[PDB]
Structure formats: C-alpha cells, structure tokens
Protein chains: 4
Amino acid sequence: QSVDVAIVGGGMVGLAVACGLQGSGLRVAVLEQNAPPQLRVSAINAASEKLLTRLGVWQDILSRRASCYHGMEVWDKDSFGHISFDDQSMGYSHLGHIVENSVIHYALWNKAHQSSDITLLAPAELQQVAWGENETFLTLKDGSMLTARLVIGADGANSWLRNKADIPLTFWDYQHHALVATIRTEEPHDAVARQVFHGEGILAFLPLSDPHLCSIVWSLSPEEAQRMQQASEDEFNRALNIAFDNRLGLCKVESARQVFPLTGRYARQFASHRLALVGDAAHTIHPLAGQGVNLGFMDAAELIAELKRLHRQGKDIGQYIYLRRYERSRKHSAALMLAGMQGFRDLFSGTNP
Amino acid sequence: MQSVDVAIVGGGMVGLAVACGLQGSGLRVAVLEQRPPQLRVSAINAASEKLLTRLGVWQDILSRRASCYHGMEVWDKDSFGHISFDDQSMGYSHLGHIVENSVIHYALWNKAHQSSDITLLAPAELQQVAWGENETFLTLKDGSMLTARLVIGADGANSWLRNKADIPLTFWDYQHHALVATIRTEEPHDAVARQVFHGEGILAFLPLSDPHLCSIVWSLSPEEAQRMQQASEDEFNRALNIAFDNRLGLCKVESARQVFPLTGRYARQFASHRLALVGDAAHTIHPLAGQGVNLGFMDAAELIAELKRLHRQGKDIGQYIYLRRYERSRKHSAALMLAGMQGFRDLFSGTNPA
Amino acid sequence: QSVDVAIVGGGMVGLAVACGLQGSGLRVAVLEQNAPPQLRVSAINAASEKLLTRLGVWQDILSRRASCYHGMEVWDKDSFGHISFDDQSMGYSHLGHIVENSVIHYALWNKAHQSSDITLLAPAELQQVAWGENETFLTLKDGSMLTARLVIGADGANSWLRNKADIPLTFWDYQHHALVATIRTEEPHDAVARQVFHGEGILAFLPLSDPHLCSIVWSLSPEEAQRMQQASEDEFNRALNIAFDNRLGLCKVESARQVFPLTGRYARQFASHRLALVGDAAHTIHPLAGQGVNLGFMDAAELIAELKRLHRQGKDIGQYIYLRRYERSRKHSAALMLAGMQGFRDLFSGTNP
Amino acid sequence: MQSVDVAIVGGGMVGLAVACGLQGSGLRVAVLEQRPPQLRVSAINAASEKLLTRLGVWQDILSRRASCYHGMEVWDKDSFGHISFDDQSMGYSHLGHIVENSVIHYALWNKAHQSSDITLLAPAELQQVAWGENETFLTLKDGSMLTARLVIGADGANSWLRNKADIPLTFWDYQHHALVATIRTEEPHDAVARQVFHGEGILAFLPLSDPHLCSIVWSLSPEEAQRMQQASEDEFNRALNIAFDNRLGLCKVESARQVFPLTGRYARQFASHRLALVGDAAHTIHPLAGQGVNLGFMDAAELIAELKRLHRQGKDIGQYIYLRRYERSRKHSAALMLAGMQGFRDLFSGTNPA
Ligand SMILES: [Cl-]
Ligand SMILES: [Cl-]
Ligand SMILES: [Cl-]
Ligand SMILES: [Cl-]
Ligand SMILES: [Cl-]
Ligand SMILES: [Cl-]
Ligand SMILES: [Cl-]
Ligand SMILES: [Cl-]
C-alpha cells in the first residue's frame, strides 16, 4: 500500500537498485512487469564486480557458474593493428568474468527475497500512474493501488513510464545484428577474451569455463546474420573459422544460433518529478565489457548512492531538484561513451589483487 | 536561367572536395558560397590523404605547411592501459598529418578555380528552392535563379536544406568543451601523436612541424574549459603539464586559447528527392583522425564515386532510388562509429609506401 | 509469391485501398497483422460516403445498419457562442451518417474477397522486409516469402514499417481521454448531431437509428474519465445530463462505458522507397466527422488515384519520385488540419441530393 | 554580482508582460534584451485585453492607435457554410481589437521603465548560464554576471535556453505562407472581422480604424505567395477580390506586401530546474484572435499568477516541483488547441461591459 520507492521492473538492474538500498531504511517495492549453460552472457567488468560484491551476491555467482578471463587480444580483419595485454602487465588478478545473465539475475532475486525492506510483487503490471505533487499513485492491473515518494523505471527501455512523463528516448538503429552461440574450438582459449574488427563490426570469442568453449558475439548485416543462423553447421563452422582468422583452429558450433538487433537508445532526461530511470540507455557495443548490464549496473550504483544520501538527510527523494544530480552524472557519462572517449578506459580495466 | 547538373550549397572543404572530385565526369557543377600556426588543425588520416591526392591538391598542401606524424601513444590518467606503436611496425611510411584547415581549404579553392566544369558563385546565399519532379529550381538572394538535377548540401549542419526537405538531424550535446592552443614543450614530440584519457574525456598533443610545438585538444567541463581559457599562462601551463603527466616536460602555451563545444549530429537520412547531404553528421570525437573533416571527406569520396557511376550509366543522378545507395553507406558507417566499432580501425590506420 | 502491391494491415483503411485498386489490373495482397449495436462508431462525412460508393459498399452499409443525421448544433458550456444549421439550409439531403466501425469493416472485407485481383492472407504477420532496388522482399512469420513492387502500410500507426524505413511518427499526448457509451435520452434527438465545448474538450451526442439513442464522445481528464467510467449509473447519468445542459432531458446509459486515450500522430514522411503509408497520422479530434477513419479514407482515396495513374502509364509504382506526389498532398492536408484551417470546411460539409 | 529573483531573457511583448505583471509582488526582476498602418498587427482578444488592463497599458494602447471590431463573418470559398454574429448577440461591448504589435510593445516598454522592481538591461545578450541547485548564474557577452532564482525564457522560440536545458521544441512546417498587407476596399468594413476558408487555408480581412482599410492575412502556397507578392498591383488586386468573393467590392493594396512562413512549435516541456518558458509554442493559426501574441499573453498571465502565489507562500519560485503546475496548464491548453477543441471558444469570445 505505502512505500518510499517503487521499482517498476524486476530484471537484473531493478533488483540491483533494490538490493543496493537495503540498510537505508527505505521501504522498497519491486513490481514485475541444475540447468545447462544459457546462451545469453555478459562480460562483467571490474566496476560491476565491485557492485555485486557490495550487494553480497558475487560469491553466490562465482559458486554457481562464472568464467574468469585474464587476457585480451584484439585485432583487425583487414589491417595490421592489434591490442594485446594481460592482467599481469597491469597489476591485475584478472580482467573480467564471463557470466550467464540468468545466473546474475537469480543471485540478485534470492538476495531481494532475503531483504527485509524489499517487497517483491510478481504479478504486478502497471495500469496507471498519477504524478501527485507529494506522492505518486500507482494502479496495478488487478485494480489494487500503491503509493510511492519515488518511482524508479527499470523495465527495459521504460517506454511506458517515459511516455507518461513525456521524456522519450531517441532510438538509433545500428544497422547490424549480433549472432550469438557457444563454440567449441580446437585450441584452448587460455582464459583470453579475443575480438576481431571487420567490415560489419566485430567478432568476439568470450571464454567459458570449459577450456575449449567460447560464447561468441558476431555482428553482421541483418541478411548475413540470417544466412549464418540458418546455415548448415558445416557452412557456419567454416564461415566462422575464416572470420576469426583460424585463431583457435577449427570451430564447431554446439548450441542454437540466436540473433538480435543492435541499437542505441539515447536519453535527454533520466529523471522527472518523482521519477528516475535506470538501465534504458544504450550507447556503444564495443567494448562489450563497458556496456549491456555493466551500463545498467553503473546507473544503479549511482542512483543508490544518491538516494542513500538524500534519505540520510531526511530529504524528499522524489524531488527533481535532487534527482537531477543523478541525471547529470548519467548524461555526462553517456556523452563520453558516444564521443568514443570512454571505451579505452573500459577496455583496459581490471580488478586488483 | 543557368543550368547545371549539380549544385553544391556551401564552399567549405567538403563541398569543394566534391566539386573537385567530379572533374573529369563531364557533369556541370556550381558551387554556391553561403558565407603562423593557425589555431584550427585536423589530423588528416590516410583515406583523406588518398582523396586529396586523387584531387591533385595534396602536394600543394605538403608544400604549403603540413606536419607528418609517424607514431602514436595513448594512455590513461587513472590506470595502466596504453597503446603505443609506429608506422614501421605496420608497414606504413607514416600514420597521418597535422594540417591547418585553412591550408586544406585554400588548396581546394584554388583547384576549384582551375576546374573547367566548376562555376564558383560568391556570394550566392539561397533564398528558396523548388523541388520539381525533373529538376530543382534555386533562387539566390539577389533574385538570380539556377536549375540543377541534384542539390548537394555541404553547408555545415545543412539546417536550411534539411528543414526544406523535412529530414532534420538529431543534435546531441556531448556535455564537454574542447580547448585548443599551440603548446611549446621542453622535450621534443619526435613526431608522435599523443593522447591521454581522463575523467572529462581526452587530452591530445598533435605534433606540428617545429620539433617542440604541438596543437592540443583538451576536452573539459564547460566550466573548467572557461577557467583554463581565462587562467594566467602560469596556472594554465601548470594544469596542462599535470593533465599530461609531464610527458613532454614543462609546457608553455604560445597562442590564444580557444574553446568550442563538442556535439554529435545524427542523421536518419542523407538523401531525398534530388538532394544529397555531405559533411553534416558527427559521431565520435576519439579517435581525432577518424572524425571532423575526415568524416566529411569520406562522405565526399563515396558521393563522388556514386555520381560518377550513375552519370556513366546515363542514370538520373537526382533520383532517390539511386541516391539511397550513398545513404545506406553513410548510415552503416555512422552506426559503426556510434557503436564503438570503427574507432580501432581508424586509430591504427596509415599510408602504405606502395 | 509475386504481387504488385502488398498491403500490410487488413483494417478499414487497408481494405479500402485494396478494394479501390480493383479494375486496375494490379495484383494486390492484403496481409493481416446478427449482432447488437457495437460501441465503436464513426461520423462518416460526405467525402467518405463518396469513396465507399465508388467502392460499391455504401449500400451494403446502409442496409446493414446506419444512422443518417440532418442537423448540427454546437455550443459552449461557459459562454454564449453557438453554431446551428441543418442540411436544408445548405442544399444538402443530409450532413453525414453515424456508422458502426465493424459494419464498415465487414462490408469492405466481403468486397475484398469478391475482388479477383485481391488475395487476403489472414494469418500473415511480417517477420522481415528487405528494401531491394527493384522489388521488396517480405518474409512472413511462417517463413514463407512474398515479393512486391510496393509495400503499403495500413497497420495502425505503422510503427514496425516506419521503424524499418527510419521514418518515425511524432506522438503527441492530447492530455485527455474520451469516454464512449450508448445513452437513451428523454427527448428524441431528431437526427441532429450535438456537441458542447467545455474545459476538458468536447461532449458529443451522435444520433443512432433508435430515435432516443445517441452514442457519446465525452473527453475528460484521464482521472475524471476513470471516475465516470467506474461511477454508479446514477452518478454517471446525473453528471452527463449536467455536462450536456439537459439538452435532451434525462439521460440513461445503456451500454458499457469505455475509455481510450486521445493523441496526435504527425508524419514528416508518408513514403519512402517502395513504401507508402496510409491511416497512421492523426491531427484534430474536432470536428469528429473530419477525422478518424475519415482521414484514413482520404489517405486511401488519394493513394488509389495516384497508383492507378502510375500503373496506367506503365510506371514503377514503388519509386519515391512518384510516391512523393501522394506524400505532398497528405502533408499539405495535415498542415491545414493542425493549423485549424480545415475544421470549418469539414464541419459544414454534406451530401447533395 | 547583481542579484535578482527573476531574470527574463527577451524584451519582446511577452517578456515585458511578465515583468510588468509581477510588479507589486516584491520580486526583483531583470529583463535582458537579446536584440502609418504598421504592417504587423494582431487580433487582440478579450483575455489579452484583460491582461493588458491589469498591467495598466490598455488605455495607453487605445489612445495611441487601436481598431475595435464588433462583428465576425466567416465563410467558405467552395461551400455554403457560414458563421456570422455580433458582440450584442452575446452581451459583449466588443469582440476584439486590431492593434499594431509595435504599439503594444512600446506601451509595455514604457510601463516597464516605470516599474520600480524591474531593471531593463539593453543590450544584454547571454553568453552562458550555470544551473546551480540554489541559484542560476548568468554571464552576459560583456562578461558581466547576474544571479537569479528563476530564469524565464521569453526570446522567440527560446532555442538557446531550450538547448542548454535539453528540452527542445518540435518544429512543424505548415506548408503555407501568409501574405499580409493593408487593403483599401470599395465598401466599408463596418468593424466586422471577416474570413474566408479556401484550399490553401484562409483569407482574413482585419478591420482598421479607417472605415475602408483592412489588414489581411492571406495564406497561400509558398510559390503562390511569392507570385502575389511580386505581381503588379492590378494583378494582385484582382486576385484578392476574387479570393474574397468580392465581399467588400474592389480592393486596392496600399502598402508593401510581406510574406512569412506558417509553422507550429510544440513543447513536451515548459519548465525545468529554475527555468520557465513563455511565448515559444505555436499551435493553430485559425482563429487568428486565439493565437500569436494572444497565446504568449496567456502563458504570461498564468506564469504571473503562479509565481505571485509561490512568492506569497514563501516557496522557492525556481523549483520544478512548483513550476510543473504552470507547465501542466500550458500543455493541457496546447493539447486542446491542436485537437481542434479550443478554436470555437476563442472564435466566439468577447468583452463584457460589466
Ligand atoms: Cl559477495
Ligand atoms: Cl597531389
Ligand atoms: Cl543531449
Ligand atoms: Cl525515386
Ligand atoms: Cl454502393
Ligand atoms: Cl489600462
Ligand atoms: Cl513537418
Ligand atoms: Cl523539484
């Protein structure tokens, strides 16, 4: 019925905000809108690893299933440039982890259930929102009502909330699709993340736990992605090996081949009156470890710090005059990503021993 | 009225490049103008050098004033990442040149005057345009008129033309300003382009001809850029040296300090009926050699190639069905830039001896 | 497998284009993406009536169910202005008809089945489209393929096609919702359409066949619309009667009360390479007879005329150089609507004897 | 630096109205300027007259030069629809006034100079603004600075301020241009405002003081507007008479013929942190008395009322939580205009005797 914070969306990013607030005393509601290696994985960078540790779920993730990488090798299909480095050259214990998204989500979901100030509502789609001066009024599809000082949108692109607040995102078609799959290679990957640049973007081999398995991200024209998805495994395996310059010898696909579109989503606003948005902007694709849930987790970390400060101070956590501090940080950061000025830093990041 | 195949609106570097590039095709072209170490310089990459060589102005540029660089060194203010390489390690004769924009423009402007199929009109601001099915009707402010099969917008962001065709750009504030200036350093730069990444973007030292002068690009918050522009030279020199990790020893600013905003400009369209746009999109700032006039020059090179082809085949160079090939190419390229997938290729680019 | 024209969407507007092309020789595909008085009705104006007659379905509509209105009365809740006129004062046999949308759709659907050059595909959602230079390639969700010289989007707002062609609409929230319902009144309506202007927009009583039934359009704040929808019938009936200045005596609601949002949708483009869009723009709400399916039917009429001309001439009906003629007409018209310069003309329109 | 409560950017009619309207509140206000029948006139409706009367400049306007109209007659070039009424039929003393914009502006400018809590700064172009949590920092081009609790943008479309706050307008080309001119007619206009609808929009005859002069608004295609602007007076006069169905007999143009574009400007936001915008949105053209400076004057009236209230209650007049009340009102009004639901009310509006 009455909460401080209502989080719309119960994905990794929304759960991370909810888990993050625990200890603050804020009453939080999250409203939802033995298995083999899942096909969707992320390259979890050093800043996300720090967040997950602060949240108390990183060790749960490492114990379930996680693949640590220690080296990086990047080159170009048509020209002579290369970047090659390892954790040791920079005083790191490791560069990052390759982790299944469902593993991360599960760890955060369990933690959320164990958090005394979090209420998870599982059938809880929104029907309406009224943006009152002093509080927000949320009506769920069952007609039940909920009041909040602050609404946090963590539901994908947040189209619905952004529409209600009249702060739309700008969508940008990146004209290429990404094919993903699990590939067994002849040579071991040696816990090195590898990527080759080419005319239709990138081809990355992300090392998994099995010394001879990688999960790939292969960007292609939408047409070529479709061809590669529908090809015989022999055609596919040969095309992949050539695209990867035979770097790990023969390749054998070992999973379904899935394709999804690549897009940018750019925000002129990350907040309004009693509204803050996380996880919905998307800028660069490369470096893979600087984006996806890593960007959303950075959104989450910064929102968490700001709300904890405001709440400490007895301030109204929903007022735009304070939320604009979070927004500014997010916009500055988005700009550095789009300007190409953030990629280098994320590429070379890692965790100290 | 005067009748041409192509009317290029804007006589800056990119528009002049298109006009010069078309020479030899037989297309009648009109260019309508709408309006010491020089402080505005570009890092001219290998693809731009190739174009300028095809156009016959590169040797002119080299003879006037140009600074060749052979090495690259990039690092991070807060971490241990670094990229460091030279031309020889990749079979190149050089990586790029630091060139004043005004030198490039003069070289193109002279070449344009020497081109038999180009008419340069100055001043020739536009008052109106009518987009007929078969030709375009251009009215200048003096009331003189011009017909063209195809209009090419090469006038900055092309706001006027884009408004008339109802295909606006999306503007994106990059929340940081760039300070530029000529800096004398204690240590010689050894013809290495250097750049450090930091919390407010980049700081690049672009080597000039004088062994101890660099032109910088220092991105900063708008407030800090203002403070650095207005600081005493001693405060500025000290802040810069620290920002650059003392990499070339003591720094002494030797010119005016100029500041300008960093922005993105994104296009859903690069063409319409009897209209093609060059030089108005802007994506990444880093790498510097991949952007600015380098992006505009690639727009130019691709438009030139497409129009020469269409003209050779007797096709109507103004029909959108044929211009969308050019558009598709620029959009695919825009996408790879914004997605972060093009920067690497441009960072490592260079010129082959042969 | 191979058609001239593929119409994406089989609603009233898409069917009207398909029926309209009949006689041209164009091969057309339409791909879909004893009952009481339906709650959704339109005020069909004189230009739509002419279209439907040219299409050969108007008499089918009149024989099924249609309500003819002969007079108009408009006034203001707070001030003294009024517009009052009838068909006779202007030499008309009638001003318009109130017709159920499902009746119109049914008539057009039957006509489409009887049209030799139309193929209706009922399970036929789109999966992909490739915009080739010479033709378009449409892949349906069953994986079957279809080629077309021209694609016509007639699927609501056409978000999907507009996204693929990168020509998005601009959405504008009109900040009010419309409540609709069937109302029995004490006084007969005398086949007069009535509307009162008020602080939250309009309240229109559209006369139905039964001399004492009207279908209403009541625009309200989203909150008040919700209140009115959920109110007891007594509260509702009293609120309505007051809002309508008791013009037809006591009111008794006789149907479900439905609410839907009011929005504008503005197009910078109505065509691209091998693509034309109908039925997706939306400008004014008042006059009701100038908008809704009336706007879409005018889109349809103009596209039909242009494609018939092009086809006569042996021209490539998909080339933007020709489609931009249709686009220009649509944009000029949209502008006159938004500028407030078209409403008067539609308000006073009617059919000559 | 100078310290004020409210800094109004733009010294046009709307900005001056806000400044004058606030007098009596105790708020310190700064206005920063950014830059015969006169040809630009407005149909000043009853709500605008009410505001101008509250501000104490309406009698000044009436004494200088103003044309009162008592009747309205609207019809259609191609059909038999018509609207025809007078003030008396509705209990009004008059419907509206046709007034030169320059007369309204001078009256407001003088009143502004007579207002003890207003400082007019001329010239005072902006160079920069910093949006601090507690106050705004304004830097003028001369380098002088100003702090304000609230910035009010009243400078045309407010592009600069809207860009800085990242809340851009949506621009919409209305595909037609308006030709304006002073026309002498054979028959007297009898203080009736007249308008005919036609295929390219409207043609309005706005009555002036002289019994046989009207100021017109003739919307046309851009091409036809150009042809009418450049035609001989005999061709123009004949075309106009036909377009007006000979309603006032023979027409004789008596001034320059000026053309300008018709456009819409739509706002998703009218406020942000320490920022409120007036006068920059534009929706319908018809009815004429409902739009133009009438829309800006309603923005002003509502902003004035809200700020006086906030100030009376000791609230921070710059916080978005309080400005969103004003915003909500302007957006609801914008919506009703674009939806076609406001025009009727404005068409029939007028002033009560008492
Ligand atoms: Cl942990
Ligand atoms: Cl050369
Ligand atoms: Cl932005
Ligand atoms: Cl075409
Ligand atoms: Cl019929
Ligand atoms: Cl007065
Ligand atoms: Cl437009
Ligand atoms: Cl606030």
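Residues numbered from 1 in each chain as written, not as in the entry; some residues may be left out. Chains lettered and ligands numbered in written order. Heavy atoms only, no water. Residues with missing side-chain atoms left out of burial classes, pairs and counts.

Each helix and strand in chain B was counted, giving ten helices and 19 strands. For 354 residues, the compact-globule estimate of 2.2 N^0.38 gives 20 Å, and chain B sits close to it at 21 Å. Principal axes of the C-alpha set define a box for chain B whose edges measure 60 × 45 × 35 Å. (Helix = DSSP H or I, 4+ residues; strand = E, 2+ residues; numbered from the N terminus. Rg over C-alpha atoms; globule rule 2.2 N^0.38 Å.)

Quick look at the pairing of strand 13 (residues 192-198) of chain B now. All names here are of chain B. Across the seven residues that make up strand 13, a large majority, seven, are buried. What you see with strand 13 is no split at all: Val192, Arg194, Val196 and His198 on one side and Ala193, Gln195 and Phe197 on the other are buried throughout. Where strand 5 (residues 71-76) meets strand 13, six bridges bridge the pair, whose relative direction is parallel. By the bridge assignment, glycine 71 is partnered in strand 13 with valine 192. Sheet topology places strand 13 next to strand 14 (residues 201-207); five bridges connect them, and they run antiparallel. (Buried < 20%, exposed > 50% of the residue type's maximum accessible area, 1.4 Å probe, protein only. Pairing = 2+ DSSP bridges.)

Let us look at the nonpolar core. Formed by 106 residues in total, the largest nonpolar core has its most connected members in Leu108 of chain A together with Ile61 and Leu108 of chain D. Apart from the residues within four sequence positions on either side, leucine 108 of chain A is in contact with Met12, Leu15, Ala16, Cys19, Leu52, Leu55, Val57 and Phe297 of chain A. (Core = buried A, V, L, I, M, F, W, Y, C linked by side-chain atoms within 4.5 Å. Contact = heavy atoms within 4.5 Å.)

Attention now moves to the UniProt feature "binding site: FAD" in chain A. Residue and element names in this part refer to chain A. Mapped onto this numbering, the UniProt entry gives "binding site: FAD" at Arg40, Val41, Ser42, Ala43, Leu288, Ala289, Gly290, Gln291, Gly292, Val293 and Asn294. In this structure, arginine 40 sits in the loop between strand 2 (28-31) and strand 3 (41-44). Given the relative accessible area of 37%, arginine 40 is considered partly exposed. Contacts of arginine 40, omitting those with residues within four sequence positions, involve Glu100, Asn101 and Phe260. (UniProt positions renumbered as here; feature names shortened; annotations may be inferred.)

Moving on, we get to the packing of aromatic side chains. Enumeration according to the criterion identifies 36 aromatic pairs over all chains in this entry. Ring plane angle 65 degrees and centroid distance 5.7 Å describe the contact between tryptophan 218 of chain B and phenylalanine 236 of chain B, whose orientation is recorded as edge-to-face. Within this pair, whereas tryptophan 218 of chain B is found in strand 15 (residues 213-220), its partner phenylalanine 236 of chain B is found in helix 7 (residues 233-243), the two being separated by 18 residues in sequence. Per residue, the accessibility class of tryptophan 218 of chain B equals that of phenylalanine 236 of chain B, and both read buried. Aromatic side chains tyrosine 106 of chain C and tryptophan 109 of chain C sit 6.1 Å apart centroid to centroid with 20 degrees between the ring planes, which places their arrangement in the stacked category. Linking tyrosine 106 of chain C with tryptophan 109 of chain C, this pair stays in helix 4 (residues 101-113), spanning three residues, or about one helical turn. Residue classification places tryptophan 109 of chain C among the partly exposed positions, given a relative accessible area of 30%. Here a set of aromatic residues connected by ring pairs shows up, and it is made of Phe85, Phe344 and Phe348 of chain A together with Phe197 of chain B. The ring of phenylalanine 236 of chain A has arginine 257 of chain A sitting right over it, with the charged end atom 5.1 Å from the ring centre. (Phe/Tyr/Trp six-rings, centres within 6.5 Å; stacked < 30°, edge-to-face > 60°. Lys NZ or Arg CZ within 6 Å of the ring centre and 35° of its normal.)

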